[PDB]
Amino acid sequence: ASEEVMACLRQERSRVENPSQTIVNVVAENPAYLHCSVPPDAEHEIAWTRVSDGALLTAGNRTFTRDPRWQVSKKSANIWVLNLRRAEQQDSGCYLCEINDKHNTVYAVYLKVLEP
C-alpha cells in the first residue's frame, strides 16, 4: 500500500511543488474531488488521466471518458477540480493532471476509496 502511494506521487513533474492535497481517502458511494492548481493569470488547459489503464478522463473544458460519473470544473481562478460523482472501491489508485504550461507540469494524486 505504501509502495503504491509512493509510486503514484513520484510521478509528479513540476517546478512549483503541488500546493493541493495529493492523498485523498473517501468512503465508497460518496463523491471524490481531486484538485489541480494552474499558473495564475494565464489560460491553461489541463487533462486528467487514470494511471491504472491510462484512460484519458478529461481534456480541456470537456469530459473525454464516456463513464458519466466524471466531470471537470473550475473551482476558483487557479484551481481545477476533477469531480467523481459516486466513488467505488475499484476507482482507487493514481490520477494525473497534466497542464499545457511551458514546463509541462504533471501533478499526481492518489485516491483511496474505502468500503462502505
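The first residue of the shown sequence is 1; numbering continues from there.
Selected stretch [higher average CA B-factor]: 105 to 113 or 1 to 9
The stretch with the larger average C-alpha B-factor is 1 to 9.
Compare the mean C-alpha B-factor of 46 to 54 with that of 74 to 82 as given in the PDB entry, and name the stretch with the higher value.
Comparing 46 to 54 with 74 to 82, the higher mean C-alpha B-factor belongs to 74 to 82.
From the list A87, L34, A59, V38, select the residue with the highest C-alpha B factor recorded in the entry.
By C-alpha B-factor in the record, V38 ranks first.
Once the chain's modelled residues are ordered by C-alpha B factor and cut into thirds, is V24 in the lowest, middle or highest one?
Its C-alpha B-factor belongs to the middle third of this chain's values.
Grab the CA temperature factor for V16 from the record and place it in the lowest, middle or highest third of its chain.
Its C-alpha B-factor belongs to the highest third of this chain's values.
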